[PDB]
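Engineer: One file is attached below, coords.cif, containing mmCIF, N, CA and C atoms.
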data_coords
#
loop_
_atom_site.label_atom_id
_atom_site.label_comp_id
_atom_site.auth_asym_id
_atom_site.auth_seq_id
_atom_site.Cartn_x
_atom_site.Cartn_y
_atom_site.Cartn_z
N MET H 1 -9.80 -0.54 -112.70
CA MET H 1 -11.29 -0.66 -112.72
C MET H 1 -11.94 0.31 -113.71
N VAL H 2 -12.98 -0.17 -114.37
CA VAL H 2 -13.69 0.65 -115.35
C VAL H 2 -14.72 1.52 -114.63
N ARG H 3 -15.06 2.64 -115.25
CA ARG H 3 -16.07 3.58 -114.71
C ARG H 3 -17.11 3.78 -115.80
N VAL H 4 -18.38 3.52 -115.50
CA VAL H 4 -19.45 3.69 -116.49
C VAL H 4 -20.57 4.46 -115.83
N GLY H 5 -21.46 5.02 -116.64
CA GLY H 5 -22.51 5.81 -116.04
C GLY H 5 -22.04 7.23 -115.79
N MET H 6 -22.97 8.02 -115.27
CA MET H 6 -22.73 9.42 -115.04
C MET H 6 -23.51 9.91 -113.83
N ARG H 7 -22.94 10.88 -113.14
CA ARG H 7 -23.59 11.45 -111.98
C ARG H 7 -25.01 11.96 -112.32
N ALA H 8 -25.95 11.71 -111.42
CA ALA H 8 -27.34 12.16 -111.57
C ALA H 8 -28.05 11.72 -112.83
N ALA H 9 -27.61 10.61 -113.44
CA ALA H 9 -28.24 10.11 -114.67
C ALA H 9 -28.57 8.64 -114.43
N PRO H 10 -29.66 8.37 -113.69
CA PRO H 10 -30.02 6.98 -113.39
C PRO H 10 -30.32 6.05 -114.55
N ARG H 11 -31.12 6.50 -115.50
CA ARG H 11 -31.48 5.61 -116.58
C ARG H 11 -30.31 5.26 -117.48
N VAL H 12 -29.53 6.26 -117.86
CA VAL H 12 -28.37 6.02 -118.72
C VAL H 12 -27.34 5.16 -117.98
N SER H 13 -27.20 5.40 -116.68
CA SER H 13 -26.22 4.66 -115.91
C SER H 13 -26.61 3.21 -115.76
N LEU H 14 -27.91 2.94 -115.56
CA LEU H 14 -28.37 1.56 -115.48
C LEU H 14 -28.08 0.84 -116.81
N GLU H 15 -28.35 1.50 -117.93
CA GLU H 15 -28.12 0.90 -119.25
C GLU H 15 -26.64 0.62 -119.43
N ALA H 16 -25.80 1.56 -118.99
CA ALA H 16 -24.35 1.36 -119.12
C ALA H 16 -23.88 0.20 -118.24
N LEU H 17 -24.45 0.08 -117.05
CA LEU H 17 -24.09 -1.03 -116.18
C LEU H 17 -24.48 -2.35 -116.84
N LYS H 18 -25.70 -2.43 -117.37
CA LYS H 18 -26.17 -3.66 -118.00
C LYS H 18 -25.25 -4.03 -119.15
N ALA H 19 -24.82 -3.03 -119.92
CA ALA H 19 -23.92 -3.30 -121.05
C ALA H 19 -22.57 -3.85 -120.63
N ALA H 20 -21.99 -3.31 -119.58
CA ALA H 20 -20.69 -3.77 -119.09
C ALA H 20 -20.80 -5.13 -118.42
N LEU H 21 -21.88 -5.34 -117.69
CA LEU H 21 -22.10 -6.61 -116.99
C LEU H 21 -22.41 -7.80 -117.88
N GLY H 22 -23.27 -7.58 -118.87
CA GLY H 22 -23.67 -8.66 -119.73
C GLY H 22 -24.26 -9.79 -118.92
N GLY H 23 -23.86 -11.00 -119.25
CA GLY H 23 -24.35 -12.19 -118.58
C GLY H 23 -23.43 -12.71 -117.48
N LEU H 24 -22.48 -11.90 -117.04
CA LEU H 24 -21.54 -12.30 -116.01
C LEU H 24 -22.23 -12.77 -114.74
N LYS H 25 -21.76 -13.90 -114.21
CA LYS H 25 -22.30 -14.44 -112.97
C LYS H 25 -21.56 -13.78 -111.82
N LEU H 26 -22.29 -13.49 -110.74
CA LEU H 26 -21.74 -12.73 -109.63
C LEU H 26 -21.79 -13.39 -108.27
N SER H 27 -21.80 -14.72 -108.21
CA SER H 27 -21.90 -15.37 -106.90
C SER H 27 -20.83 -15.00 -105.89
N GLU H 28 -19.61 -14.72 -106.33
CA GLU H 28 -18.57 -14.40 -105.36
C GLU H 28 -18.30 -12.91 -105.25
N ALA H 29 -19.13 -12.13 -105.92
CA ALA H 29 -18.96 -10.69 -105.94
C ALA H 29 -19.39 -10.03 -104.63
N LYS H 30 -18.85 -8.83 -104.40
CA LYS H 30 -19.26 -8.00 -103.27
C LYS H 30 -19.76 -6.71 -103.91
N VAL H 31 -20.99 -6.35 -103.57
CA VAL H 31 -21.63 -5.16 -104.14
C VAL H 31 -21.64 -4.05 -103.11
N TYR H 32 -20.98 -2.94 -103.41
CA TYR H 32 -20.95 -1.80 -102.49
C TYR H 32 -21.76 -0.63 -102.98
N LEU H 33 -22.79 -0.28 -102.23
CA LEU H 33 -23.59 0.90 -102.54
C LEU H 33 -23.00 2.03 -101.69
N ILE H 34 -22.60 3.10 -102.34
CA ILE H 34 -21.98 4.24 -101.66
C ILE H 34 -23.03 5.34 -101.62
N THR H 35 -23.40 5.76 -100.42
CA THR H 35 -24.45 6.75 -100.27
C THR H 35 -24.05 7.91 -99.39
N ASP H 36 -24.82 8.98 -99.48
CA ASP H 36 -24.55 10.16 -98.68
C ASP H 36 -25.33 10.15 -97.38
N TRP H 37 -24.81 10.87 -96.39
CA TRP H 37 -25.51 10.96 -95.12
C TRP H 37 -26.53 12.09 -95.22
N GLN H 38 -27.79 11.71 -95.33
CA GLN H 38 -28.91 12.66 -95.38
C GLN H 38 -29.83 12.30 -94.22
N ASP H 39 -30.77 13.19 -93.92
CA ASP H 39 -31.70 13.00 -92.83
C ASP H 39 -32.56 11.74 -93.00
N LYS H 40 -33.01 11.49 -94.24
CA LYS H 40 -33.85 10.33 -94.52
C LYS H 40 -33.35 9.64 -95.79
N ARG H 41 -33.55 8.33 -95.85
CA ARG H 41 -33.12 7.56 -97.01
C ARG H 41 -33.90 8.02 -98.25
N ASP H 42 -35.01 8.70 -98.04
CA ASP H 42 -35.80 9.16 -99.18
C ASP H 42 -35.15 10.32 -99.92
N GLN H 43 -34.00 10.79 -99.43
CA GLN H 43 -33.28 11.90 -100.04
C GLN H 43 -31.91 11.45 -100.57
N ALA H 44 -31.63 10.18 -100.34
CA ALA H 44 -30.36 9.58 -100.68
C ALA H 44 -30.01 9.40 -102.14
N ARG H 45 -28.71 9.52 -102.40
CA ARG H 45 -28.17 9.23 -103.72
C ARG H 45 -27.20 8.09 -103.53
N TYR H 46 -26.94 7.35 -104.61
CA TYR H 46 -26.04 6.20 -104.52
C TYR H 46 -25.15 6.01 -105.72
N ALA H 47 -23.91 5.63 -105.43
CA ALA H 47 -22.90 5.23 -106.42
C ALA H 47 -22.76 3.71 -106.19
N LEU H 48 -22.12 3.03 -107.13
CA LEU H 48 -21.95 1.59 -107.07
C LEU H 48 -20.53 1.18 -107.34
N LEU H 49 -19.96 0.40 -106.42
CA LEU H 49 -18.66 -0.19 -106.65
C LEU H 49 -18.92 -1.69 -106.65
N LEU H 50 -18.75 -2.32 -107.81
CA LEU H 50 -18.98 -3.76 -107.94
C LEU H 50 -17.63 -4.45 -107.96
N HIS H 51 -17.35 -5.24 -106.93
CA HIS H 51 -16.06 -5.97 -106.78
C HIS H 51 -16.36 -7.44 -107.10
N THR H 52 -16.02 -7.91 -108.31
CA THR H 52 -16.37 -9.30 -108.64
C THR H 52 -15.42 -10.35 -108.12
N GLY H 53 -14.20 -9.92 -107.84
CA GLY H 53 -13.15 -10.80 -107.36
C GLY H 53 -12.18 -11.04 -108.50
N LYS H 54 -12.59 -10.68 -109.71
CA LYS H 54 -11.72 -10.85 -110.88
C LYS H 54 -11.66 -9.57 -111.70
N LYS H 55 -12.35 -8.52 -111.22
CA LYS H 55 -12.38 -7.20 -111.87
C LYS H 55 -13.42 -6.33 -111.17
N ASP H 56 -13.17 -5.02 -111.13
CA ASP H 56 -14.05 -4.06 -110.46
C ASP H 56 -14.65 -3.05 -111.44
N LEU H 57 -15.79 -2.49 -111.06
CA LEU H 57 -16.48 -1.50 -111.87
C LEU H 57 -17.08 -0.45 -110.96
N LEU H 58 -16.98 0.81 -111.36
CA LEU H 58 -17.56 1.89 -110.58
C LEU H 58 -18.61 2.63 -111.42
N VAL H 59 -19.73 2.98 -110.79
CA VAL H 59 -20.74 3.84 -111.42
C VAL H 59 -20.82 4.98 -110.42
N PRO H 60 -20.80 6.24 -110.87
CA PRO H 60 -20.88 7.38 -109.95
C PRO H 60 -22.24 7.50 -109.25
N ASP H 61 -22.44 8.61 -108.55
CA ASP H 61 -23.69 8.82 -107.82
C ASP H 61 -24.82 9.17 -108.78
N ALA H 62 -25.44 8.10 -109.29
CA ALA H 62 -26.49 8.20 -110.29
C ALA H 62 -27.81 7.59 -109.87
N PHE H 63 -27.86 6.94 -108.71
CA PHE H 63 -29.08 6.24 -108.35
C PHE H 63 -29.68 6.74 -107.07
N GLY H 64 -30.94 6.36 -106.83
CA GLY H 64 -31.57 6.76 -105.58
C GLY H 64 -32.63 7.83 -105.75
N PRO H 65 -33.47 8.00 -104.72
CA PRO H 65 -34.55 8.99 -104.74
C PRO H 65 -34.12 10.43 -104.88
N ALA H 66 -32.82 10.66 -104.76
CA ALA H 66 -32.30 12.01 -104.96
C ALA H 66 -32.54 12.46 -106.40
N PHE H 67 -32.72 11.52 -107.32
CA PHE H 67 -32.90 11.84 -108.73
C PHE H 67 -34.20 11.29 -109.29
N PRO H 68 -34.82 12.01 -110.23
CA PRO H 68 -36.08 11.47 -110.79
C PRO H 68 -35.75 10.15 -111.49
N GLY H 69 -36.53 9.12 -111.21
CA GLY H 69 -36.30 7.83 -111.82
C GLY H 69 -35.16 7.08 -111.15
N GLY H 70 -34.51 7.73 -110.19
CA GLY H 70 -33.38 7.11 -109.49
C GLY H 70 -33.73 5.97 -108.56
N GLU H 71 -34.86 6.06 -107.85
CA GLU H 71 -35.28 4.99 -106.95
C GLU H 71 -35.64 3.75 -107.77
N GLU H 72 -36.34 3.98 -108.89
CA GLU H 72 -36.72 2.91 -109.80
C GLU H 72 -35.45 2.25 -110.38
N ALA H 73 -34.48 3.05 -110.81
CA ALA H 73 -33.24 2.51 -111.39
C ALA H 73 -32.45 1.72 -110.36
N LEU H 74 -32.42 2.21 -109.12
CA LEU H 74 -31.71 1.50 -108.05
C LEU H 74 -32.37 0.13 -107.81
N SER H 75 -33.70 0.10 -107.79
CA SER H 75 -34.45 -1.14 -107.58
C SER H 75 -34.15 -2.13 -108.69
N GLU H 76 -34.19 -1.65 -109.93
CA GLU H 76 -33.91 -2.50 -111.09
C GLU H 76 -32.46 -2.98 -111.03
N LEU H 77 -31.55 -2.11 -110.62
CA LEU H 77 -30.14 -2.49 -110.52
C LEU H 77 -29.93 -3.60 -109.50
N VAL H 78 -30.51 -3.45 -108.31
CA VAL H 78 -30.33 -4.49 -107.30
C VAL H 78 -31.01 -5.79 -107.75
N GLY H 79 -32.17 -5.69 -108.40
CA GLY H 79 -32.84 -6.90 -108.88
C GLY H 79 -31.95 -7.63 -109.89
N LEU H 80 -31.31 -6.88 -110.79
CA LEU H 80 -30.45 -7.46 -111.80
C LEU H 80 -29.26 -8.16 -111.17
N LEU H 81 -28.64 -7.52 -110.19
CA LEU H 81 -27.48 -8.11 -109.55
C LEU H 81 -27.88 -9.39 -108.83
N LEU H 82 -29.05 -9.39 -108.18
CA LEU H 82 -29.52 -10.61 -107.52
C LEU H 82 -29.79 -11.68 -108.58
N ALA H 83 -30.43 -11.30 -109.68
CA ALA H 83 -30.70 -12.30 -110.73
C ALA H 83 -29.40 -12.94 -111.23
N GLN H 84 -28.31 -12.17 -111.29
CA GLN H 84 -27.04 -12.72 -111.77
C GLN H 84 -26.20 -13.37 -110.68
N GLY H 85 -26.78 -13.51 -109.48
CA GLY H 85 -26.13 -14.26 -108.40
C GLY H 85 -25.46 -13.55 -107.26
N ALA H 86 -25.40 -12.23 -107.32
CA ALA H 86 -24.78 -11.49 -106.23
C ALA H 86 -25.57 -11.69 -104.95
N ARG H 87 -24.87 -11.96 -103.85
CA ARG H 87 -25.55 -12.11 -102.57
C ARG H 87 -24.94 -11.35 -101.42
N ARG H 88 -23.79 -10.73 -101.64
CA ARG H 88 -23.16 -9.98 -100.56
C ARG H 88 -23.23 -8.50 -100.90
N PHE H 89 -24.06 -7.77 -100.17
CA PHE H 89 -24.24 -6.34 -100.39
C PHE H 89 -23.76 -5.57 -99.18
N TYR H 90 -23.17 -4.41 -99.42
CA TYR H 90 -22.67 -3.55 -98.36
C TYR H 90 -23.00 -2.11 -98.67
N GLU H 91 -23.09 -1.28 -97.63
CA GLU H 91 -23.35 0.13 -97.84
C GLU H 91 -22.28 0.94 -97.13
N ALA H 92 -21.71 1.92 -97.83
CA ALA H 92 -20.72 2.83 -97.25
C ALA H 92 -21.35 4.21 -97.24
N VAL H 93 -21.26 4.88 -96.10
CA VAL H 93 -21.82 6.20 -95.92
C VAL H 93 -20.76 7.29 -95.92
N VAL H 94 -20.96 8.29 -96.77
CA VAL H 94 -20.00 9.39 -96.85
C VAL H 94 -20.73 10.72 -96.75
N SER H 95 -20.01 11.75 -96.35
CA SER H 95 -20.60 13.08 -96.25
C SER H 95 -20.98 13.55 -97.65
N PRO H 96 -22.08 14.30 -97.78
CA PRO H 96 -22.55 14.81 -99.07
C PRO H 96 -21.48 15.61 -99.80
N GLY H 97 -20.74 16.43 -99.05
CA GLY H 97 -19.70 17.25 -99.65
C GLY H 97 -18.43 16.56 -100.09
N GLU H 98 -18.26 15.30 -99.72
CA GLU H 98 -17.05 14.55 -100.08
C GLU H 98 -17.30 13.39 -101.04
N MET H 99 -18.54 13.25 -101.48
CA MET H 99 -18.88 12.14 -102.36
C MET H 99 -18.09 12.17 -103.66
N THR H 100 -18.10 13.30 -104.36
CA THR H 100 -17.37 13.36 -105.62
C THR H 100 -15.88 13.13 -105.44
N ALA H 101 -15.30 13.69 -104.39
CA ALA H 101 -13.88 13.50 -104.15
C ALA H 101 -13.56 12.03 -103.91
N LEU H 102 -14.40 11.35 -103.15
CA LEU H 102 -14.21 9.93 -102.88
C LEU H 102 -14.21 9.17 -104.20
N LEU H 103 -15.22 9.43 -105.03
CA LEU H 103 -15.32 8.70 -106.29
C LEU H 103 -14.18 8.96 -107.28
N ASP H 104 -13.48 10.08 -107.11
CA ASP H 104 -12.37 10.40 -108.00
C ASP H 104 -11.01 9.88 -107.51
N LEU H 105 -10.99 9.16 -106.39
CA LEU H 105 -9.75 8.61 -105.86
C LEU H 105 -9.19 7.53 -106.77
N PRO H 106 -7.86 7.31 -106.72
CA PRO H 106 -7.29 6.27 -107.56
C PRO H 106 -8.05 4.99 -107.21
N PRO H 107 -8.29 4.11 -108.19
CA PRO H 107 -9.00 2.84 -107.99
C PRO H 107 -8.63 2.08 -106.73
N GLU H 108 -7.34 1.83 -106.53
CA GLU H 108 -6.93 1.09 -105.34
C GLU H 108 -7.27 1.83 -104.03
N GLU H 109 -7.15 3.15 -104.03
CA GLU H 109 -7.47 3.92 -102.83
C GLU H 109 -8.98 3.91 -102.56
N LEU H 110 -9.77 4.05 -103.62
CA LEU H 110 -11.23 4.03 -103.48
C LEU H 110 -11.70 2.70 -102.92
N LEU H 111 -11.22 1.61 -103.51
CA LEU H 111 -11.61 0.27 -103.09
C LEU H 111 -11.25 0.04 -101.62
N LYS H 112 -10.04 0.46 -101.22
CA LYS H 112 -9.62 0.28 -99.85
C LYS H 112 -10.53 1.02 -98.88
N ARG H 113 -10.82 2.29 -99.18
CA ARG H 113 -11.65 3.10 -98.29
C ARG H 113 -13.08 2.60 -98.21
N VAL H 114 -13.67 2.30 -99.35
CA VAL H 114 -15.05 1.80 -99.34
C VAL H 114 -15.13 0.47 -98.61
N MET H 115 -14.22 -0.46 -98.90
CA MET H 115 -14.25 -1.73 -98.22
C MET H 115 -14.08 -1.55 -96.71
N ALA H 116 -13.21 -0.62 -96.31
CA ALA H 116 -12.98 -0.39 -94.89
C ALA H 116 -14.18 0.13 -94.12
N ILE H 117 -14.96 1.02 -94.73
CA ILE H 117 -16.08 1.63 -94.02
C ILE H 117 -17.44 1.02 -94.28
N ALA H 118 -17.55 0.11 -95.25
CA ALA H 118 -18.87 -0.44 -95.54
C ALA H 118 -19.38 -1.50 -94.57
N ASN H 119 -20.69 -1.48 -94.33
CA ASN H 119 -21.35 -2.48 -93.47
C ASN H 119 -22.28 -3.34 -94.32
N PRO H 120 -22.39 -4.64 -93.99
CA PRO H 120 -23.28 -5.54 -94.73
C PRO H 120 -24.68 -4.93 -94.69
N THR H 121 -25.41 -5.02 -95.79
CA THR H 121 -26.73 -4.47 -95.87
C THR H 121 -27.66 -5.45 -96.57
N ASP H 122 -28.94 -5.36 -96.24
CA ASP H 122 -29.97 -6.22 -96.82
C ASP H 122 -30.40 -5.59 -98.14
N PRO H 123 -30.14 -6.27 -99.27
CA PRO H 123 -30.53 -5.69 -100.56
C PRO H 123 -32.01 -5.38 -100.67
N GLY H 124 -32.82 -6.04 -99.86
CA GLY H 124 -34.24 -5.78 -99.91
C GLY H 124 -34.59 -4.34 -99.58
N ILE H 125 -33.73 -3.64 -98.84
CA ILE H 125 -34.07 -2.26 -98.54
C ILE H 125 -34.09 -1.39 -99.79
N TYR H 126 -33.39 -1.82 -100.84
CA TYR H 126 -33.34 -1.04 -102.07
C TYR H 126 -34.42 -1.42 -103.06
N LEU H 127 -35.15 -2.49 -102.75
CA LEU H 127 -36.20 -2.97 -103.65
C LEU H 127 -37.56 -2.37 -103.35
#
Would you mind writing the structure in this file as C-alpha cells?
Structural biologist:
Amino acid sequence: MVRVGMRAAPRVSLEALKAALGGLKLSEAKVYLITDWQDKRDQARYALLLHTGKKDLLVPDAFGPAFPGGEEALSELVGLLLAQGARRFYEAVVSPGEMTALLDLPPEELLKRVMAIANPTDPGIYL
C-alpha cells in the first residue's frame, strides 16, 4: 500500500490524496477514518486508510479539527470520496499516544488491526 500526505498537514495531504486517487471509482471501497480518543470530536485528528478492494492507500493523521484547516480538509475529503462512489465508511478509535505507532505498522498488520476494530460510521458526521 502507498502512503501519501503528512502528519498535521491537512491541505497538502488532501492535494496528495486527490493526486493519487484521480478519477478512480470507489463503489466497492471501504473507507477507514482512524481517529484518536479525545474528550470531544472537536479535538479529534484523523488518518485515512482507503481499501479499494484492488489496492490500498494510507494518509497519516493530517485531518480533523485538531489542525487548522483540518476540519475543512476532512469535509472536502469525505465529499470527494462520496462523489467518486464510496459508500462504506468506518471509524477506528486509537489512543492518542499510539496513533503514530499504529500508522507505522507493516501494511498487512495495519489493515488487519484497523479492519478488526473499526465500526461502520455515517459519513455525514464529517461533513
Engineer: Please write as a PyMOL selection string the full residue list that the PyMOL selection byres ((chain H and resi 111-124) around 5) yields on this file.
Structural biologist: chain H and resi 89-92+107-110+125-127
Engineer: Please define a box with edges along x, y and z of the file around all atoms of segment 61-64 of chain H given in the file, extend it by 6 Å on each side, and return its centre and edge lengths in Å to one decimal, as lines of an AutoDock Vina configuration file.
Structural biologist:
center_x = -27.5
center_y = 7.7
center_z = -107.9
size_x = 22.2
size_y = 14.9
size_z = 16.7
Engineer: Quick check for you: according to DSSP on this backbone, which residues of chain H are classed as alpha helix (DSSP H)? Reply as a PyMOL selection string.
Structural biologist: chain H and resi 10-21+70-83+99-103+107-117
Engineer: Which residues would end up in the selection if the PyMOL selection byres ((chain H and resi 19-32) around 6.5) were applied here, given that I need the answer as a PDB file with N, CA and C atoms, in the coordinates of the input?
Structural biologist:
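In the end it all went to part10.pdb:
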ATOM      1  N   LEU H  14     -27.910   2.940-115.560  1.00  0.00           N
ATOM      2  CA  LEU H  14     -28.370   1.560-115.480  1.00  0.00           C
ATOM      3  C   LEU H  14     -28.080   0.840-116.810  1.00  0.00           C
ATOM      4  N   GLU H  15     -28.350   1.500-117.930  1.00  0.00           N
ATOM      5  CA  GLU H  15     -28.120   0.900-119.250  1.00  0.00           C
ATOM      6  C   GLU H  15     -26.640   0.620-119.430  1.00  0.00           C
ATOM      7  N   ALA H  16     -25.800   1.560-118.990  1.00  0.00           N
ATOM      8  CA  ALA H  16     -24.350   1.360-119.120  1.00  0.00           C
ATOM      9  C   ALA H  16     -23.880   0.200-118.240  1.00  0.00           C
ATOM     10  N   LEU H  17     -24.450   0.080-117.050  1.00  0.00           N
ATOM     11  CA  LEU H  17     -24.090  -1.030-116.180  1.00  0.00           C
ATOM     12  C   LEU H  17     -24.480  -2.350-116.840  1.00  0.00           C
ATOM     13  N   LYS H  18     -25.700  -2.430-117.370  1.00  0.00           N
ATOM     14  CA  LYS H  18     -26.170  -3.660-118.000  1.00  0.00           C
ATOM     15  C   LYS H  18     -25.250  -4.030-119.150  1.00  0.00           C
ATOM     16  N   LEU H  33     -22.790  -0.280-102.230  1.00  0.00           N
ATOM     17  CA  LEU H  33     -23.590   0.900-102.540  1.00  0.00           C
ATOM     18  C   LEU H  33     -23.000   2.030-101.690  1.00  0.00           C
ATOM     19  N   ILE H  34     -22.600   3.100-102.340  1.00  0.00           N
ATOM     20  CA  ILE H  34     -21.980   4.240-101.660  1.00  0.00           C
ATOM     21  C   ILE H  34     -23.030   5.340-101.620  1.00  0.00           C
ATOM     22  N   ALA H  47     -23.910   5.630-105.430  1.00  0.00           N
ATOM     23  CA  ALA H  47     -22.900   5.230-106.420  1.00  0.00           C
ATOM     24  C   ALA H  47     -22.760   3.710-106.190  1.00  0.00           C
ATOM     25  N   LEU H  48     -22.120   3.030-107.130  1.00  0.00           N
ATOM     26  CA  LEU H  48     -21.950   1.590-107.070  1.00  0.00           C
ATOM     27  C   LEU H  48     -20.530   1.180-107.340  1.00  0.00           C
ATOM     28  N   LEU H  49     -19.960   0.400-106.420  1.00  0.00           N
ATOM     29  CA  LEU H  49     -18.660  -0.190-106.650  1.00  0.00           C
ATOM     30  C   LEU H  49     -18.920  -1.690-106.650  1.00  0.00           C
ATOM     31  N   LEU H  50     -18.750  -2.320-107.810  1.00  0.00           N
ATOM     32  CA  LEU H  50     -18.980  -3.760-107.940  1.00  0.00           C
ATOM     33  C   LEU H  50     -17.630  -4.450-107.960  1.00  0.00           C
ATOM     34  N   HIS H  51     -17.350  -5.240-106.930  1.00  0.00           N
ATOM     35  CA  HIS H  51     -16.060  -5.970-106.780  1.00  0.00           C
ATOM     36  C   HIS H  51     -16.360  -7.440-107.100  1.00  0.00           C
ATOM     37  N   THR H  52     -16.020  -7.910-108.310  1.00  0.00           N
ATOM     38  CA  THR H  52     -16.370  -9.300-108.640  1.00  0.00           C
ATOM     39  C   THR H  52     -15.420 -10.350-108.120  1.00  0.00           C
ATOM     40  N   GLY H  53     -14.200  -9.920-107.840  1.00  0.00           N
ATOM     41  CA  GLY H  53     -13.150 -10.800-107.360  1.00  0.00           C
ATOM     42  C   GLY H  53     -12.180 -11.040-108.500  1.00  0.00           C
ATOM     43  N   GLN H  84     -28.310 -12.170-111.290  1.00  0.00           N
ATOM     44  CA  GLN H  84     -27.040 -12.720-111.770  1.00  0.00           C
ATOM     45  C   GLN H  84     -26.200 -13.370-110.680  1.00  0.00           C
ATOM     46  N   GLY H  85     -26.780 -13.510-109.480  1.00  0.00           N
ATOM     47  CA  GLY H  85     -26.130 -14.260-108.400  1.00  0.00           C
ATOM     48  C   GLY H  85     -25.460 -13.550-107.260  1.00  0.00           C
ATOM     49  N   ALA H  86     -25.400 -12.230-107.320  1.00  0.00           N
ATOM     50  CA  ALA H  86     -24.780 -11.490-106.230  1.00  0.00           C
ATOM     51  C   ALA H  86     -25.570 -11.690-104.950  1.00  0.00           C
ATOM     52  N   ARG H  87     -24.870 -11.960-103.850  1.00  0.00           N
ATOM     53  CA  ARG H  87     -25.550 -12.110-102.570  1.00  0.00           C
ATOM     54  C   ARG H  87     -24.940 -11.350-101.420  1.00  0.00           C
ATOM     55  N   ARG H  88     -23.790 -10.730-101.640  1.00  0.00           N
ATOM     56  CA  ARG H  88     -23.160  -9.980-100.560  1.00  0.00           C
ATOM     57  C   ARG H  88     -23.230  -8.500-100.900  1.00  0.00           C
ATOM     58  N   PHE H  89     -24.060  -7.770-100.170  1.00  0.00           N
ATOM     59  CA  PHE H  89     -24.240  -6.340-100.390  1.00  0.00           C
ATOM     60  C   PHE H  89     -23.760  -5.570 -99.180  1.00  0.00           C
ATOM     61  N   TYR H  90     -23.170  -4.410 -99.420  1.00  0.00           N
ATOM     62  CA  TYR H  90     -22.670  -3.550 -98.360  1.00  0.00           C
ATOM     63  C   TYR H  90     -23.000  -2.110 -98.670  1.00  0.00           C
ATOM     64  N   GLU H  91     -23.090  -1.280 -97.630  1.00  0.00           N
ATOM     65  CA  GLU H  91     -23.350   0.130 -97.840  1.00  0.00           C
ATOM     66  C   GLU H  91     -22.280   0.940 -97.130  1.00  0.00           C
ATOM     67  N   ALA H  92     -21.710   1.920 -97.830  1.00  0.00           N
ATOM     68  CA  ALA H  92     -20.720   2.830 -97.250  1.00  0.00           C
ATOM     69  C   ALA H  92     -21.350   4.210 -97.240  1.00  0.00           C
TER      70      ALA H  92
END
Engineer: What gap, in Å, lies between atom CA of residue 94 of chain H and atom CA of residue 54 of chain H?
Structural biologist: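 So the two atoms, atom CA of residue 94 of chain H and atom CA of residue 54 of chain H, lie 26.0 Å apart.
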Engineer: What is the distance between atom CA of residue 7 of chain H and atom CA of residue 62 of chain H, in Å to one decimal?
Structural biologist: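 We find that atom CA of residue 7 of chain H and atom CA of residue 62 of chain H lie 4.7 Å from each other.
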Engineer: In Å, rounded to a single decimal, give me how far atom C of residue 57 of chain H is from atom C of residue 74 of chain H.
Structural biologist: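 Computed distance, atom C of residue 74 of chain H to atom C of residue 57 of chain H, equals 15.6 Å.
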Engineer: When the PyMOL selection byres ((chain H and resi 37) around 7) is applied to the file above, which residues end up in the set, as a PyMOL selection string?
Structural biologist: chain H and resi 35-36+38-40+93-96
Engineer: Since we have the selection now, will you write its residues out, keeping N, CA and C atoms, as a PDB file, keeping the file's coordinate frame?
Structural biologist:
ATOM      1  N   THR H  35     -23.400   5.760-100.420  1.00  0.00           N
ATOM      2  CA  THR H  35     -24.450   6.750-100.270  1.00  0.00           C
ATOM      3  C   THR H  35     -24.050   7.910 -99.390  1.00  0.00           C
ATOM      4  N   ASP H  36     -24.820   8.980 -99.480  1.00  0.00           N
ATOM      5  CA  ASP H  36     -24.550  10.160 -98.680  1.00  0.00           C
ATOM      6  C   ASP H  36     -25.330  10.150 -97.380  1.00  0.00           C
ATOM      7  N   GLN H  38     -27.790  11.710 -95.330  1.00  0.00           N
ATOM      8  CA  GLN H  38     -28.910  12.660 -95.380  1.00  0.00           C
ATOM      9  C   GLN H  38     -29.830  12.300 -94.220  1.00  0.00           C
ATOM     10  N   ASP H  39     -30.770  13.190 -93.920  1.00  0.00           N
ATOM     11  CA  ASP H  39     -31.700  13.000 -92.830  1.00  0.00           C
ATOM     12  C   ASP H  39     -32.560  11.740 -93.000  1.00  0.00           C
ATOM     13  N   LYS H  40     -33.010  11.490 -94.240  1.00  0.00           N
ATOM     14  CA  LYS H  40     -33.850  10.330 -94.520  1.00  0.00           C
ATOM     15  C   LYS H  40     -33.350   9.640 -95.790  1.00  0.00           C
ATOM     16  N   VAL H  93     -21.260   4.880 -96.100  1.00  0.00           N
ATOM     17  CA  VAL H  93     -21.820   6.200 -95.920  1.00  0.00           C
ATOM     18  C   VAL H  93     -20.760   7.290 -95.920  1.00  0.00           C
ATOM     19  N   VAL H  94     -20.960   8.290 -96.770  1.00  0.00           N
ATOM     20  CA  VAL H  94     -20.000   9.390 -96.850  1.00  0.00           C
ATOM     21  C   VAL H  94     -20.730  10.720 -96.750  1.00  0.00           C
ATOM     22  N   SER H  95     -20.010  11.750 -96.350  1.00  0.00           N
ATOM     23  CA  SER H  95     -20.600  13.080 -96.250  1.00  0.00           C
ATOM     24  C   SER H  95     -20.980  13.550 -97.650  1.00  0.00           C
ATOM     25  N   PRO H  96     -22.080  14.300 -97.780  1.00  0.00           N
ATOM     26  CA  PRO H  96     -22.550  14.810 -99.070  1.00  0.00           C
ATOM     27  C   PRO H  96     -21.480  15.610 -99.800  1.00  0.00           C
TER      28      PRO H  96
END
Engineer: Which of these, H:101, H:44, H:12, H:1, has the shortest distance to residue 67 of chain H once you count only N, CA and C atoms?
Structural biologist: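 The closest residue to residue 67 of chain H is H:44.
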